[PDB]
Structure formats: structure tokens, C-alpha cells
$ cat entry-v9.txt   # compact mmCIF, C-alpha atoms
# COMPACT_ATOMS: atom_id res chain seq x y z
CA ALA A 1 -16.63 -4.81 -8.94
CA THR A 2 -15.77 -4.12 -5.30
CA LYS A 3 -16.20 -5.48 -1.74
CA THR A 4 -15.59 -3.03 1.06
CA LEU A 5 -15.44 -3.51 4.85
CA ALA A 6 -14.63 -1.17 7.74
CA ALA A 7 -12.68 -2.49 10.73
CA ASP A 8 -10.88 -1.20 13.84
CA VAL A 9 -7.21 -1.76 14.73
CA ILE A 10 -7.04 -3.97 17.78
CA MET A 11 -3.31 -4.65 17.84
CA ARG A 12 -0.01 -3.25 16.59
CA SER A 13 3.19 -5.27 16.02
CA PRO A 14 5.97 -5.15 18.63
CA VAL A 15 8.57 -2.38 18.13
CA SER A 16 11.08 -3.49 15.45
CA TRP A 17 9.10 -6.51 14.19
CA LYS A 18 7.35 -6.69 10.82
CA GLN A 19 5.25 -3.48 10.72
CA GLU A 20 1.69 -4.85 10.88
CA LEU A 21 -1.80 -4.15 12.16
CA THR A 22 -4.44 -6.52 13.46
CA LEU A 23 -8.07 -5.71 12.55
CA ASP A 24 -11.30 -6.84 14.25
CA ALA A 25 -12.83 -8.24 11.09
CA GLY A 26 -11.89 -11.44 9.33
CA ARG A 27 -13.50 -14.01 7.09
CA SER A 28 -16.86 -14.05 8.94
CA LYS A 29 -17.53 -10.46 7.82
CA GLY A 30 -16.05 -10.76 4.31
CA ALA A 31 -12.30 -10.07 4.65
CA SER A 32 -10.29 -11.73 1.83
CA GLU A 33 -6.57 -12.21 1.24
CA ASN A 34 -6.65 -10.11 -1.97
CA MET A 35 -7.69 -6.94 -0.12
CA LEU A 36 -5.96 -3.62 0.27
CA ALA A 37 -6.14 -1.40 3.40
CA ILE A 38 -7.18 2.30 3.26
CA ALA A 39 -6.80 4.73 6.23
CA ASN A 40 -6.14 8.37 7.02
CA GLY A 41 -6.32 9.58 3.38
CA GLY A 42 -5.11 6.61 1.30
CA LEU A 43 -3.39 3.20 0.98
CA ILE A 44 -1.77 2.17 4.27
CA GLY A 45 -1.08 -1.52 3.62
CA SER A 46 -2.16 -4.87 2.23
CA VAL A 47 -3.79 -7.88 3.89
CA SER A 48 -1.19 -10.53 4.80
CA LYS A 49 -3.38 -13.01 6.69
CA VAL A 50 -7.13 -13.52 7.06
CA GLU A 51 -8.51 -15.30 10.12
CA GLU A 52 -12.14 -16.17 10.83
CA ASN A 53 -12.60 -13.09 13.07
CA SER A 54 -9.50 -10.91 12.50
CA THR A 55 -7.19 -9.78 9.73
CA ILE A 56 -3.50 -8.94 9.63
CA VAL A 57 -2.54 -5.97 7.50
CA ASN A 58 1.01 -5.54 6.21
CA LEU A 59 1.90 -1.87 6.43
CA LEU A 60 3.51 0.22 3.62
CA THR A 61 6.13 1.57 6.03
CA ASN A 62 8.01 -1.73 6.01
CA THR A 63 11.48 -1.15 4.60
CA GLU A 64 11.21 -4.14 2.26
CA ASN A 65 8.04 -5.09 0.48
CA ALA A 66 7.74 -8.45 -1.25
CA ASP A 67 3.98 -8.29 -1.90
CA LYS A 68 4.26 -6.91 -5.47
CA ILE A 69 1.44 -4.39 -5.04
CA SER A 70 0.56 -2.98 -8.43
CA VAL A 71 0.72 0.81 -8.76
CA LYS A 72 0.40 3.26 -11.66
CA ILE A 73 1.75 6.77 -12.05
CA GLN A 74 -0.04 9.39 -14.10
CA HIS A 75 2.17 11.79 -16.03
CA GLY A 76 -0.18 14.02 -17.98
CA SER A 77 -1.60 11.65 -20.58
CA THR A 78 0.74 8.67 -19.97
CA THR A 79 0.25 5.93 -17.37
CA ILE A 80 3.35 4.09 -16.13
CA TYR A 81 2.82 0.95 -14.05
CA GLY A 82 5.11 -0.67 -11.51
CA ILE A 83 5.11 -2.19 -8.06
CA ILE A 84 5.74 -1.06 -4.49
CA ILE A 85 9.12 -2.45 -3.46
CA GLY A 86 9.69 -0.83 -0.06
CA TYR A 87 9.75 2.27 2.11
CA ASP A 88 12.44 4.78 3.08
CA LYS A 89 11.96 5.44 6.77
CA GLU A 90 14.46 8.26 7.06
CA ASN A 91 13.05 10.27 4.16
CA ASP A 92 9.49 8.95 4.62
CA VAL A 93 8.88 8.00 1.00
CA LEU A 94 7.46 4.84 -0.51
CA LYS A 95 9.70 3.10 -3.07
CA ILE A 96 8.35 2.01 -6.49
CA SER A 97 10.32 0.06 -9.11
CA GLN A 98 9.94 -2.33 -12.08
CA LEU A 99 8.40 0.43 -14.17
CA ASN A 100 6.99 -0.59 -17.56
CA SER A 101 8.10 2.64 -19.29
CA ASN A 102 11.01 5.10 -19.66
CA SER A 103 8.60 8.07 -19.98
CA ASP A 104 9.18 11.27 -17.97
CA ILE A 105 8.02 11.07 -14.37
CA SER A 106 7.73 14.41 -12.55
CA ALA A 107 7.37 15.42 -8.90
CA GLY A 108 3.71 15.71 -8.00
CA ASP A 109 2.64 13.02 -10.50
CA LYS A 110 -0.22 11.02 -8.98
CA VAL A 111 0.31 7.42 -7.83
CA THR A 112 -2.70 5.11 -7.49
CA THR A 113 -3.17 1.36 -7.32
CA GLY A 114 -3.08 -0.40 -10.73
CA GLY A 115 -5.25 -3.39 -9.96
CA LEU A 116 -2.84 -5.99 -11.33
CA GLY A 117 -1.36 -9.05 -9.67
CA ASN A 118 -2.81 -10.26 -6.39
CA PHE A 119 -3.96 -6.92 -4.88
CA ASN A 120 -6.28 -6.42 -7.81
CA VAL A 121 -8.11 -3.19 -6.96
CA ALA A 122 -7.27 -0.15 -9.08
CA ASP A 123 -7.49 3.59 -8.42
CA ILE A 124 -6.82 3.79 -4.71
CA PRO A 125 -4.71 6.85 -3.84
CA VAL A 126 -1.12 6.00 -2.87
CA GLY A 127 0.39 9.46 -3.04
CA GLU A 128 2.41 11.74 -5.31
CA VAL A 129 5.91 11.41 -6.74
CA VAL A 130 8.77 13.09 -4.85
CA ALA A 131 11.74 12.06 -7.06
CA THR A 132 13.01 9.54 -9.61
CA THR A 133 16.13 7.63 -8.61
CA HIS A 134 18.66 5.76 -10.74
CA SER A 135 22.07 5.06 -9.16
CA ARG A 136 14.93 3.10 -12.26
CA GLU A 137 13.16 3.69 -9.00
CA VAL A 138 10.51 6.24 -7.90
CA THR A 139 9.96 7.81 -4.48
CA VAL A 140 6.42 8.79 -3.46
CA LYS A 141 4.96 10.80 -0.52
CA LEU A 142 1.95 8.84 0.81
CA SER A 143 -1.48 10.51 1.17
CA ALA A 144 -2.30 8.29 4.08
CA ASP A 145 -1.08 9.52 7.44
CA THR A 146 1.01 6.85 9.15
CA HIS A 147 0.27 8.11 12.67
CA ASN A 148 -2.83 7.05 14.63
CA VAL A 149 -4.13 4.44 12.17
CA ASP A 150 -7.21 3.36 14.18
CA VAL A 151 -9.90 2.63 11.55
CA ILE A 152 -9.20 0.88 8.21
CA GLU A 153 -11.30 0.43 5.09
CA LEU A 154 -10.61 -3.02 3.61
CA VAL A 155 -11.22 -3.11 -0.16
CA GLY A 156 -10.95 -6.00 -2.60
CA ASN A 157 -12.15 -7.14 -5.96
CA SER A 158 -15.45 -9.00 -5.69
$ encode --input "entry-v9.txt" --output "C-alpha cells"
Amino acid sequence: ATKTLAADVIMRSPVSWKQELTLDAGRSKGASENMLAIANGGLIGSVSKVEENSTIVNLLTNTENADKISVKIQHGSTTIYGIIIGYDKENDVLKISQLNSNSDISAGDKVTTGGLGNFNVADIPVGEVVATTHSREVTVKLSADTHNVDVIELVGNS
């Protein structure tokens, strides 16, 4: 089902560029472009580039997210799926949209990866719901701590 890999952060992006990490493991140790990145309590990003000996991880704290990372939200008995669409830096909440249901979503509801699309590994903690927005979008407080991301677990479908 699953290939896992531990790696260390060896570079961070320049201030104000795309928020991304460089890891000291790439294709020679089993990193793949379909992998998700776990650190400091949960999902911290997705792989954006795999090299022979290093990997670039796109971080969840990027304001816009085009990577269509599949997530699901558990509301009691119901599971609502959607995708991560961005991050709110001021309020420090992940943004989720394109929800496949109009069911009730409540603060504290648990958000995990859904294992659909390209980042096809389910059940990784993302966080818990903070609010539902309309102006439908969902805001989520990440489990992963965003400070001092030094060691990442890379996980992908085998």
C-alpha cells in the first residue's frame, strides 16, 4: 500500500519566494513525485520536484495552492471530500474548497488526506475545521507545526 522515507531539510526557499523545502533524499532512495510530506504532527506539504539525490517539497503555507491535494472531512458519520486550495497567512488556516457535499461541517471536524488525484495517500492528518466560509470554503487549523520543520516523513502510494 505505502512507501515511506525519512529525510532532513537541507534548504529553505528565499524570503517571499514560493514557500518550499529541499530534502536530502531523492530518487536514489525512493522519493516519488506522488508523495506527501509529514512533519511536526501532520501534513506539511507535497512533493513538487524529485531529483536523483534531493526532493523539493511544496509547503501548505503557500497562499495559493494549485496541486489539488485531496482531503476529506469527517462530520460524525458523513465524509465530505474536497481539495486544498490555499492558506490564510494572517489567520493561519488552510483553505479547502470544491466540496462534494452540502452536509453540515462543524468546528473541530477532522480533516485528513483523501487519497484521490495525484497525491494518492489517504488518512494523513491535516488538521481540524475552524470555520465554514461562503461569501463554499472551509478553514482548517493544521496539526503540523510550521516552525522548525527539520525532519520530514515522505509518504506515497506504492
$ residues_near_point --input "entry-v9.txt" --point "(-8.0, -10.0, 8.7)" --cutoff "8 Å" --atoms "only C-alpha atoms" --output "PyMOL selection string"
chain A and resi 22-27+31-33+47-57
$ write_last_selection --input "entry-v9.txt" --atoms "C-alpha atoms" --output "mmCIF file, in the frame of the given file"
data_model
loop_
_atom_site.group_PDB
_atom_site.id
_atom_site.type_symbol
_atom_site.label_atom_id
_atom_site.label_comp_id
_atom_site.auth_asym_id
_atom_site.auth_seq_id
_atom_site.Cartn_x
_atom_site.Cartn_y
_atom_site.Cartn_z
ATOM 1 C CA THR A 22 -4.440 -6.520 13.460
ATOM 2 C CA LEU A 23 -8.070 -5.710 12.550
ATOM 3 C CA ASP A 24 -11.300 -6.840 14.250
ATOM 4 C CA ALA A 25 -12.830 -8.240 11.090
ATOM 5 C CA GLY A 26 -11.890 -11.440 9.330
ATOM 6 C CA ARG A 27 -13.500 -14.010 7.090
ATOM 7 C CA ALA A 31 -12.300 -10.070 4.650
ATOM 8 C CA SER A 32 -10.290 -11.730 1.830
ATOM 9 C CA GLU A 33 -6.570 -12.210 1.240
ATOM 10 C CA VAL A 47 -3.790 -7.880 3.890
ATOM 11 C CA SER A 48 -1.190 -10.530 4.800
ATOM 12 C CA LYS A 49 -3.380 -13.010 6.690
ATOM 13 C CA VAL A 50 -7.130 -13.520 7.060
ATOM 14 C CA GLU A 51 -8.510 -15.300 10.120
ATOM 15 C CA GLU A 52 -12.140 -16.170 10.830
ATOM 16 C CA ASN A 53 -12.600 -13.090 13.070
ATOM 17 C CA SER A 54 -9.500 -10.910 12.500
ATOM 18 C CA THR A 55 -7.190 -9.780 9.730
ATOM 19 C CA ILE A 56 -3.500 -8.940 9.630
ATOM 20 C CA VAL A 57 -2.540 -5.970 7.500
#
$ axis_aligned_box --input "entry-v9.txt" --around "range 124-131 of chain A" --padding-each-side "8 Å" --output "JSON"
{"center_x": 2.5, "center_y": 8.4, "center_z": -5.0, "size_x": 34.6, "size_y": 25.3, "size_z": 20.2}
$ atom_distance --input "entry-v9.txt" --atom1 "CA of residue 44 in chain A" --atom2 "CA of residue 108 in chain A"
19.1 Å
$ atom_distance --input "entry-v9.txt" --atom1 "CA of residue 116 in chain A" --atom2 "CA of residue 20 in chain A"
22.7 Å
$ residues_near_point --input "entry-v9.txt" --point "(8.9, 6.9, 0.1)" --cutoff "6 Å" --atoms "all atoms listed in the file" --output "JSON, numbers by chain"
{"A": [87, 88, 92, 93, 94, 95, 139, 140, 141]}
